[PDB]
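Remarks on the structure that follows.
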Amino acid sequence: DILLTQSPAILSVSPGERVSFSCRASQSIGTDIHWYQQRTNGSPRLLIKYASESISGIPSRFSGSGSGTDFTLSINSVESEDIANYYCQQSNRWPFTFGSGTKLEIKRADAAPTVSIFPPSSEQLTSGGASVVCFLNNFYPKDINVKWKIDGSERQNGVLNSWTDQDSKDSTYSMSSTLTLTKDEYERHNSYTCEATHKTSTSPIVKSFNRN
Amino acid sequence: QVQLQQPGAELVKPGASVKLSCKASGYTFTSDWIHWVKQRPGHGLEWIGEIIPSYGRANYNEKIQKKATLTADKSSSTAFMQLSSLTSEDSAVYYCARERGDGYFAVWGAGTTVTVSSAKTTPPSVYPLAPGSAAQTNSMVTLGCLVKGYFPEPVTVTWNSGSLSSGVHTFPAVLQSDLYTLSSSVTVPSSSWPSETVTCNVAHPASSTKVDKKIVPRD
Amino acid sequence: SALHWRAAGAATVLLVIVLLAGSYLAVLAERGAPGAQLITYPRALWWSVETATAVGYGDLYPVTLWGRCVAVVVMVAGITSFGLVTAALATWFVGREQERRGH
Ligand SMILES: CCCCCCCCCO
Ligand SMILES: [K+]
Ligand SMILES: [K+]
Ligand SMILES: [K+]
């Protein structure tokens, strides 16, 4: 069948600049190329049909060009909400095929994380467990390390981390660090500490709480 | 209105089958084709097949192992895809889409998250995440809620019944001991809470659950 | 009403019907065949017109048996209807020439 090559797989741009995604077909297909946008956890949304025709409700900064085997999706003045995966579906011959997709990243200004630590809830303590949650919100870039200390001593067991994809509202990233313990082991200690080390500063951002 | 309605999730046992539905709305034509597209987590879009409901003819992708069978009920305007003898390689989000006859998908459904596993379905336990007594506050304060111990994916987290959408981070779930766990964060003007309510709503479609929990300060 | 003109109009309407149904049936028959290009309704209709006129651009054609059968029906409908218009014009001109000589 008709192969659609989308290279590069990742495009990184600065806010406000013009970006262009490439889509090459293995054979001449006229202008029977359509473009879709899929944000994180969202459904694909049609952006351009027939290589260049506009869709109602799509921002006019989206345009397409090309014919034959080489096609281009272009965005004038990229902004945060444009962060998504972009696919170029073909429909010149049966069966229809999709490109492999191109992710768009935005290089924004560096941002220090906002750290918040949360003790386990009362209900969870009645359940017989205890999770200490730490949020590292809206930082940039995505590289960051979290550190847990219990009574001044570093803790590594029982920690689970999760990272978000780049945020479509401000081009930042966020991280959650959850330390899960028994109720018994939770109430046998006093100090619980979450430590974030980021490029934004040489000193870590430290948030702690005592059960006292 | 949403043109294509799909169930949120389906839990299948290995070797079993499942029939996904796709209910249509809006303008329908005899020329309409309904397509089904497979997306594994982290991967791209994979065309599965198509059906013309007004005639009942269905076509399938030749290159992949045929696991689907496409049907359509014309009275209820519903398209069905029967996936049979499912392997862990079949766990993915399955979208349906409508095509007027130009060869592009004008509208897609929200997709059905199909997880094939032996584990039992488990509704989530959600706990409030309010600041401790010693925490200081600036112009803004951040709260959250912890969605722990559910299976399978996914869960939908909203804040104040969707009315609060700005300043929300719902983290990807982490899987351990055959159970998922995530947390959701929301940031709100420090003066606005707790005088104005803050409640997180967690929907788990695989267990048909949806629970609220209000974020009350520890006072 | 004159017979030749009546049959001419009937062939026009019937030809339009054969073009539309031919586009629909062409798309229905050609989808599912790898490499087929007759899979969208607008250019299937354009291909129906090309086939009925035998213009021979060669940009679209079916690859399946049933698509080729639909094609044959469209070909014969076009040839038949256009030849019918030719025959109606012939009848008309023979009438007008027969009155032009007082016979
Ligand atoms: C009259 C032409 C039949 C329409 C296409 C039927 C195709 C069924 C076998 O593929
Ligand atoms: K000719
Ligand atoms: K020709
Ligand atoms: K001729």
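Starting from 1 in every chain, residues are counted up; chains themselves are A, B, ... following the order of the structure tokens, and ligands are numbered from 1 as listed.
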At most 9 Å from ligand 4 (only C-alpha atoms and all ligand atoms): residue list as number ranges by chain
C: 53-54, 79, 82-83
How would the residues just chosen look if you wrote them out with N, CA, C and O atoms as a PDB file, in the first residue's frame?
ATOM      1  N   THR C  53     -18.998   9.367 -21.850  1.00  0.00           N
ATOM      2  CA  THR C  53     -18.583  10.113 -23.031  1.00  0.00           C
ATOM      3  C   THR C  53     -17.441   9.446 -23.785  1.00  0.00           C
ATOM      4  O   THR C  53     -17.151   9.851 -24.916  1.00  0.00           O
ATOM      5  N   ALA C  54     -16.796   8.440 -23.192  1.00  0.00           N
ATOM      6  CA  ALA C  54     -15.632   7.786 -23.790  1.00  0.00           C
ATOM      7  C   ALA C  54     -14.553   8.806 -24.141  1.00  0.00           C
ATOM      8  O   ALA C  54     -13.891   8.713 -25.174  1.00  0.00           O
ATOM      9  N   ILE C  79     -23.159   5.358 -25.006  1.00  0.00           N
ATOM     10  CA  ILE C  79     -23.193   5.100 -26.444  1.00  0.00           C
ATOM     11  C   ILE C  79     -24.632   5.058 -26.942  1.00  0.00           C
ATOM     12  O   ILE C  79     -24.972   5.659 -27.970  1.00  0.00           O
ATOM     13  N   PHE C  82     -26.424   8.683 -26.659  1.00  0.00           N
ATOM     14  CA  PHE C  82     -25.908   9.652 -27.621  1.00  0.00           C
ATOM     15  C   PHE C  82     -26.269   9.253 -29.048  1.00  0.00           C
ATOM     16  O   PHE C  82     -26.680  10.102 -29.853  1.00  0.00           O
ATOM     17  N   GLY C  83     -26.154   7.963 -29.374  1.00  0.00           N
ATOM     18  CA  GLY C  83     -26.678   7.491 -30.645  1.00  0.00           C
ATOM     19  C   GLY C  83     -28.168   7.726 -30.802  1.00  0.00           C
ATOM     20  O   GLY C  83     -28.652   7.940 -31.918  1.00  0.00           O
TER      21      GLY C  83
END
Excluding stretch 46-58 of chain B and residues on its chain fewer than 5 positions from it, collect all residues at most 7 Å away from it, counting only C-alpha atoms, and give them as a PyMOL selection string.
(chain A and resi 97) or (chain B and resi 30+32-39+70-72+74)
Next, dump the selected residues to file, keeping only N, CA and C atoms, as a short mmCIF file (atom, residue, chain, number, x, y, z; two decimals), in the first residue's frame.
data_model
loop_
_atom_site.label_atom_id
_atom_site.label_comp_id
_atom_site.auth_asym_id
_atom_site.auth_seq_id
_atom_site.Cartn_x
_atom_site.Cartn_y
_atom_site.Cartn_z
N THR A 97 -4.23 5.00 4.37
CA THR A 97 -3.12 4.80 5.28
C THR A 97 -2.81 6.10 6.00
N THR B 30 -26.82 7.94 2.94
CA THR B 30 -26.57 6.62 2.37
C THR B 30 -25.10 6.47 1.98
N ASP B 32 -22.57 7.44 3.71
CA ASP B 32 -21.72 7.48 4.89
C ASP B 32 -20.98 6.16 5.08
N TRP B 33 -19.69 6.26 5.38
CA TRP B 33 -18.88 5.11 5.79
C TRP B 33 -18.41 5.31 7.22
N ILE B 34 -18.42 4.24 8.00
CA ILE B 34 -17.91 4.26 9.37
C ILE B 34 -16.61 3.46 9.39
N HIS B 35 -15.54 4.08 9.86
CA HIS B 35 -14.23 3.46 9.96
C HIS B 35 -13.89 3.18 11.42
N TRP B 36 -12.98 2.23 11.62
CA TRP B 36 -12.45 1.91 12.94
C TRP B 36 -10.93 1.99 12.89
N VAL B 37 -10.35 2.69 13.86
CA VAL B 37 -8.91 2.96 13.89
C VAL B 37 -8.36 2.53 15.24
N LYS B 38 -7.22 1.85 15.22
CA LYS B 38 -6.58 1.34 16.42
C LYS B 38 -5.37 2.19 16.79
N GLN B 39 -5.25 2.52 18.07
CA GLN B 39 -4.12 3.29 18.58
C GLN B 39 -3.64 2.66 19.88
N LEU B 70 -17.08 -6.35 11.25
CA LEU B 70 -17.82 -5.09 11.27
C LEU B 70 -19.28 -5.33 10.88
N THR B 71 -20.19 -4.79 11.69
CA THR B 71 -21.62 -4.84 11.40
C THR B 71 -22.22 -3.47 11.69
N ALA B 72 -23.50 -3.31 11.35
CA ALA B 72 -24.17 -2.04 11.57
C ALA B 72 -25.68 -2.27 11.66
N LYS B 74 -29.03 -0.31 11.26
CA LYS B 74 -29.44 0.91 10.58
C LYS B 74 -30.53 1.66 11.34
#
Proximity of chain B to chain A: per-residue shortest pair, 8 Å limit, only C-alpha atoms, as a tab-separated table:
residue	atom	partner	partner_atom	distance
B:44	CA	A:100	CA	5.8
B:45	CA	A:98	CA	6.5
B:46	CA	A:98	CA	7.0
B:47	CA	A:97	CA	6.8
B:61	CA	A:95	CA	7.1
B:103	CA	A:91	CA	5.2
B:104	CA	A:34	CA	6.6
B:105	CA	A:46	CA	7.1
B:106	CA	A:46	CA	6.3
B:107	CA	A:45	CA	7.5
B:108	CA	A:43	CA	6.8
B:109	CA	A:43	CA	7.2
B:110	CA	A:43	CA	5.8
B:111	CA	A:43	CA	7.3
B:127	CA	A:121	CA	6.3
B:128	CA	A:121	CA	6.2
B:129	CA	A:118	CA	6.0
B:130	CA	A:118	CA	6.4
B:131	CA	A:118	CA	5.7
B:132	CA	A:118	CA	6.4
B:134	CA	A:209	CA	7.0
B:135	CA	A:209	CA	7.9
B:142	CA	A:116	CA	7.4
B:169	CA	A:174	CA	7.5
B:170	CA	A:164	CA	7.9
B:171	CA	A:164	CA	5.7
B:172	CA	A:162	CA	6.1
B:173	CA	A:162	CA	7.2
B:174	CA	A:162	CA	7.0
B:183	CA	A:176	CA	7.5
B:185	CA	A:135	CA	7.8
Interface, chain B side, toward chain C (8 Å; only C-alpha atoms) as a PDB file with C-alpha atoms, in the first residue's frame:
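Produced file part-v2.pdb, reproduced below:
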ATOM      1  CA  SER B  31     -23.035   7.608   1.304  1.00  0.00           C
ATOM      2  CA  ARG B  57     -20.501  -3.975   2.999  1.00  0.00           C
ATOM      3  CA  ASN B  59     -13.666  -3.897   4.164  1.00  0.00           C
ATOM      4  CA  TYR B  60     -10.687  -4.815   6.340  1.00  0.00           C
ATOM      5  CA  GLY B 101     -17.256   9.594   0.962  1.00  0.00           C
ATOM      6  CA  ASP B 102     -14.246  11.849   0.411  1.00  0.00           C
ATOM      7  CA  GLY B 103     -11.743   9.578   2.146  1.00  0.00           C
TER       8      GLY B 103
END
Mind checking which residues fall within 8 Å of stretch 194-209 of chain B, counting only C-alpha atoms, ignoring those fewer than 2 positions away in the same chain, and posting them as a ChimeraX atom specification?
/B:7-11,121-124,126,144-145,147,151-161,191-192,211-217
Could you go through stretch 28-131 of chain A and tell me which residues DSSP, when run on the backbone, assigns to helix (DSSP H, G or I), listing them as a list in words?
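In stretch 28-131 of chain A, DSSP puts these residues in helix (DSSP H, G or I): residues 80, 81, 82, 122, 123, 124, 125, 126 and 127 of chain A.
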Within 10 Å of ligand 2 (counting only C-alpha atoms and all ligand atoms), which residues show up? I'd like them as a list in words.
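The distance check yields residues 50, 51, 53, 54, 55, 56 and 57 of chain C.
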Export of prior selection with C-alpha atoms as a JSON list (two decimals), in the first residue's frame:
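The file below, again.json, is the result:
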[["chain", "number", "residue", "atom", "x", "y", "z"],
["C", 50, "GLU", "CA", -15.69, 10.16, -18.62],
["C", 51, "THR", "CA", -16.98, 6.63, -19.18],
["C", 53, "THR", "CA", -18.58, 10.11, -23.03],
["C", 54, "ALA", "CA", -15.63, 7.79, -23.79],
["C", 55, "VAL", "CA", -13.41, 10.86, -23.56],
["C", 56, "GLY", "CA", -10.47, 8.63, -22.66],
["C", 57, "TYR", "CA", -8.46, 10.72, -20.23]]
Between chain C and ligand 1, at 8 Å or less, what are the per-residue closest atom pairs and their distances in Å? Count only C-alpha atoms and all ligand atoms, order by chain and rising residue number, and return it as CSV.
residue,atom,partner,partner_atom_place_in_ligand_line,distance
C:25,CA,ligand 1,4 (C),4.8
C:26,CA,ligand 1,5 (C),6.8
C:28,CA,ligand 1,5 (C),5.3
C:29,CA,ligand 1,5 (C),3.9
C:30,CA,ligand 1,10 (O),7.6
C:32,CA,ligand 1,10 (O),7.9
C:66,CA,ligand 1,2 (C),5.4
C:67,CA,ligand 1,2 (C),6.8
C:69,CA,ligand 1,2 (C),6.9
C:70,CA,ligand 1,2 (C),5.8
For the selection just defined, write its residues with N, CA and C atoms to a file, as a PDB file, in the first residue's frame.
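Dumped everything to again-v6.pdb:
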ATOM      1  N   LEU C  25     -22.257   2.643  -7.095  1.00  0.00           N
ATOM      2  CA  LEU C  25     -21.911   1.231  -7.206  1.00  0.00           C
ATOM      3  C   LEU C  25     -20.429   1.034  -7.492  1.00  0.00           C
ATOM      4  N   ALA C  26     -19.807   1.969  -8.212  1.00  0.00           N
ATOM      5  CA  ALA C  26     -18.374   1.878  -8.463  1.00  0.00           C
ATOM      6  C   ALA C  26     -17.591   1.987  -7.162  1.00  0.00           C
ATOM      7  N   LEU C  28     -18.729   1.321  -4.222  1.00  0.00           N
ATOM      8  CA  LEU C  28     -19.035   0.135  -3.424  1.00  0.00           C
ATOM      9  C   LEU C  28     -18.242  -1.080  -3.893  1.00  0.00           C
ATOM     10  N   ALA C  29     -18.047  -1.218  -5.205  1.00  0.00           N
ATOM     11  CA  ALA C  29     -17.366  -2.391  -5.737  1.00  0.00           C
ATOM     12  C   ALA C  29     -15.851  -2.287  -5.623  1.00  0.00           C
ATOM     13  N   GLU C  30     -15.302  -1.074  -5.669  1.00  0.00           N
ATOM     14  CA  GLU C  30     -13.857  -0.905  -5.749  1.00  0.00           C
ATOM     15  C   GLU C  30     -13.179  -0.824  -4.387  1.00  0.00           C
ATOM     16  N   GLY C  32     -11.967  -2.088  -0.971  1.00  0.00           N
ATOM     17  CA  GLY C  32     -11.594  -3.442  -0.630  1.00  0.00           C
ATOM     18  C   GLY C  32     -10.615  -4.082  -1.591  1.00  0.00           C
ATOM     19  N   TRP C  66     -16.710  -6.473 -10.671  1.00  0.00           N
ATOM     20  CA  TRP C  66     -17.995  -5.788 -10.563  1.00  0.00           C
ATOM     21  C   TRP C  66     -17.874  -4.315 -10.933  1.00  0.00           C
ATOM     22  N   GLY C  67     -16.743  -3.689 -10.605  1.00  0.00           N
ATOM     23  CA  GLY C  67     -16.506  -2.334 -11.071  1.00  0.00           C
ATOM     24  C   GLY C  67     -16.427  -2.257 -12.583  1.00  0.00           C
ATOM     25  N   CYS C  69     -17.967  -4.341 -14.591  1.00  0.00           N
ATOM     26  CA  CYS C  69     -19.329  -4.551 -15.076  1.00  0.00           C
ATOM     27  C   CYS C  69     -20.133  -3.259 -15.010  1.00  0.00           C
ATOM     28  N   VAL C  70     -20.059  -2.560 -13.873  1.00  0.00           N
ATOM     29  CA  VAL C  70     -20.662  -1.234 -13.770  1.00  0.00           C
ATOM     30  C   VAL C  70     -20.155  -0.342 -14.894  1.00  0.00           C
TER      31      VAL C  70
END
Using only C-alpha atoms and a distance of at most 6 Å, pull out the residues of chain C that contact chain A, as a PDB file with C-alpha atoms, in the first residue's frame.
ATOM      1  CA  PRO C  34      -5.743  -2.883  -3.036  1.00  0.00           C
ATOM      2  CA  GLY C  35      -4.569  -0.200  -5.448  1.00  0.00           C
ATOM      3  CA  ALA C  36      -8.068   0.854  -6.527  1.00  0.00           C
ATOM      4  CA  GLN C  37      -8.551   4.575  -7.171  1.00  0.00           C
TER       5      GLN C  37
END
Please identify all polymer residues within 9 Å of residue C:84, counting only C-alpha atoms, omitting same-chain residues fewer than 5 positions from it, and present them as a list in words.
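In the requested format, the answer is residues 4, 7, 8, 11, 79 and 89 of chain C.
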Could you write those residues out with N, CA and C atoms, as a PDB file, in the first residue's frame?
ATOM      1  N   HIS C   4     -39.311  10.524 -31.280  1.00  0.00           N
ATOM      2  CA  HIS C   4     -37.854  10.586 -31.206  1.00  0.00           C
ATOM      3  C   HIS C   4     -37.391  11.538 -30.109  1.00  0.00           C
ATOM      4  N   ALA C   7     -38.130   9.825 -26.616  1.00  0.00           N
ATOM      5  CA  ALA C   7     -37.087   8.854 -26.306  1.00  0.00           C
ATOM      6  C   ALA C   7     -35.755   9.534 -26.025  1.00  0.00           C
ATOM      7  N   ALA C   8     -35.483  10.665 -26.684  1.00  0.00           N
ATOM      8  CA  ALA C   8     -34.255  11.402 -26.406  1.00  0.00           C
ATOM      9  C   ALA C   8     -34.231  11.903 -24.967  1.00  0.00           C
ATOM     10  N   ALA C  11     -33.785   9.088 -22.579  1.00  0.00           N
ATOM     11  CA  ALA C  11     -32.397   8.646 -22.532  1.00  0.00           C
ATOM     12  C   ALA C  11     -31.527   9.623 -21.758  1.00  0.00           C
ATOM     13  N   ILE C  79     -23.159   5.358 -25.006  1.00  0.00           N
ATOM     14  CA  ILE C  79     -23.193   5.100 -26.444  1.00  0.00           C
ATOM     15  C   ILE C  79     -24.632   5.058 -26.942  1.00  0.00           C
ATOM     16  N   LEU C  89     -32.217  13.483 -34.114  1.00  0.00           N
ATOM     17  CA  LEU C  89     -31.871  14.581 -35.011  1.00  0.00           C
ATOM     18  C   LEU C  89     -32.042  14.174 -36.468  1.00  0.00           C
TER      19      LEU C  89
END
Any idea what the distance is between atom CA of residue A:76 and atom CA of residue A:13?
11.5 Å
Set the distance at 8 Å and use only C-alpha atoms: which residues neighbour stretch 16-22 of chain C once local chain neighbours fewer than 2 positions away are removed? I'd like the list as a ChimeraX atom specification.
/C:12-14,24-26,45,48-49,52,70-71,74,77
What's the separation between atom CA of residue B:113 and atom CA of residue B:177, in Å to one decimal place?
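These two atoms are separated by 20.1 Å.
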Residue contacts of residue B:89 (10 Å, only C-alpha atoms) excluding same-chain residues fewer than 3 positions away, as a ChimeraX atom specification:
/B:40,86,92,115-116
Determine, counting only C-alpha atoms, which protein, DNA and RNA residues have an atom within 7 Å of an atom of residue A:182; residues of the same chain fewer than 5 positions away are not included. Present the result as a list in words.
residues 128, 129 and 130 of chain A
Resulting file, chosen residues, N, CA, C and O atoms, as a compact mmCIF listing (two decimals), in the first residue's frame:
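As written to disk, result-v6.txt reads:
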# COMPACT_ATOMS: atom_id res chain seq x y z
N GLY A 128 -6.22 2.10 56.37
CA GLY A 128 -5.05 1.33 56.73
C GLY A 128 -3.82 1.62 55.90
O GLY A 128 -2.85 0.86 55.98
N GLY A 129 -3.83 2.69 55.10
CA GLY A 129 -2.68 3.07 54.31
C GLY A 129 -2.37 4.55 54.47
O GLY A 129 -3.08 5.28 55.16
N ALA A 130 -1.28 4.96 53.83
CA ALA A 130 -0.84 6.35 53.91
C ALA A 130 0.02 6.67 52.70
O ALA A 130 1.09 6.07 52.53
The residue from B:175, B:83, B:146, B:64 with the smallest atom-to-atom distance to residue B:15, counting only C-alpha atoms, is B:83
Within chain A, find each residue whose DSSP state, derived from the backbone, is strand (DSSP E or B), and express the selection as an NGL selection string.
:A and (4-5 or 10-13 or 19-25 or 33-38 or 45-49 or 53-54 or 62-67 or 70-75 or 85-90 or 97 or 102-106 or 111 or 114-118 or 129-140 or 144-150 or 153-155 or 159-163 or 173-182 or 191-198 or 205-210)
State, in Å with one decimal place, the distance from atom CA of residue A:88 to atom CA of residue A:4.
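Distance reported for this atom pair: 7.6 Å.
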